[PDB]
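A single chain, nothing else alongside it, follows as structure tokens in the form deposited in one PDB entry.
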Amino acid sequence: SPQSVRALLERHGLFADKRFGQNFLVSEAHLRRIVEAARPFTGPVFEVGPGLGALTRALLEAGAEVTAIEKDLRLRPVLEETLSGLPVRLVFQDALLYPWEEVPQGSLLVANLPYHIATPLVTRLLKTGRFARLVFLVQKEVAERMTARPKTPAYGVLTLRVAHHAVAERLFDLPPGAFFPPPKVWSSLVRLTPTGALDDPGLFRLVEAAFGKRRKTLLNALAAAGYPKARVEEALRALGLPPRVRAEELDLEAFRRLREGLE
């Protein structure tokens, strides 16, 4: 209930703080969808932003071993209340500072992520190579980026970052009313399933360069970033791509081949 969430906040003298991107899940049906997207719980679960503990409780009740990382210390009493009697390790810390590279191989991320950290956090977790599955809520626009196909407005660096590490699924869209307080945009449930690759800095130097200068062809964008123009011309030719092809027209394999051609 939006009422129960409002009432719970009121009882604990809390107000949702925009500095923490606080928008708390209201629907048991959405909670169920998140748990069902993440299961089976074959490794330890990390939840970033447990908030009032709604998803934390759902995860624990499904038998997950949970570490929940919450930056807002004001939420400690409600979390302790919600999670009374349940084995959750509550960590009061900025999740952007948590030692992610050390989590057990096979871990899971399951989280209603704060909008302002979702992209750098997911990027970092994917670079660790440690997760079996990452299941999380993001703004619909960010989900679209993470799941974009080439030659579309949402297609870009983030799409390619996700794709390099993982297959990506947008499973469900949630309206603003799924949260209290309601945010201004729709959200989406995303599932990422890592496929083995760790960071490839050479590849991402190329990908970042490709998309840096948006109004240029791929060739001129790379040339402006310091890639030898003649070599880019040849690599594109060898790929059977048009001289004026744009960055958003290349899929992950094409970028991998382009990188290989440049070197």
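Between two forms, the rigid core is the largest collection of C-alphas that superpose within 1.5 Å. Residue indices: 1-based, along the sequence shown.
In this entry, the higher average B-factor at the C-alpha atoms falls on 237 to 245, of the pair 16 to 24 and 237 to 245. Comparing 228 to 236 with 53 to 61, the higher mean C-alpha B-factor in the PDB entry belongs to 228 to 236. Within the group 38, 29, 221, 66, the record's highest C-alpha temperature factor is found at 221.
Per the PDB entry, 153 shows the highest C-alpha temperature factor of the residues 120, 114, 85, 153. Residue 175: CA B factor lies in the middle third for its chain, per the PDB record. In the PDB entry, residue 124 places in the lowest third of its chain by CA B-factor. For residue 164, the recorded CA B-factor ranks within the lowest third of the chain. Only modelled residues enter the ranking. In the deposited entry, the Cα temperature factor of residue 102 places it in the highest third of its chain's modelled residues. In the PDB entry, residue 157 places in the lowest third of its chain by CA B-factor.
From this point on, the text means the form deposited in another entry, which you will not see here.
Fitting the two forms on the rigid core leaves the C-alpha of residue 112 displaced by at least 2 angstroms between the shown form and the other one. Comparing the forms between the shown form and the other one, the C-alpha position of residue 12 differs by 2 angstroms or more, with the core used for superposition. Relative to the superposed core, residue 151 undergoes a C-alpha shift smaller than 2 Å between the shown form and the other one.
By 3 Å or more, the C-alpha separation between residue 118 and residue 88 grows in that other deposited form relative to the form shown here. In that other deposited form, the CA atoms of residue 20 and residue 68 move farther apart by at least 3 angstroms compared with the shown structure.
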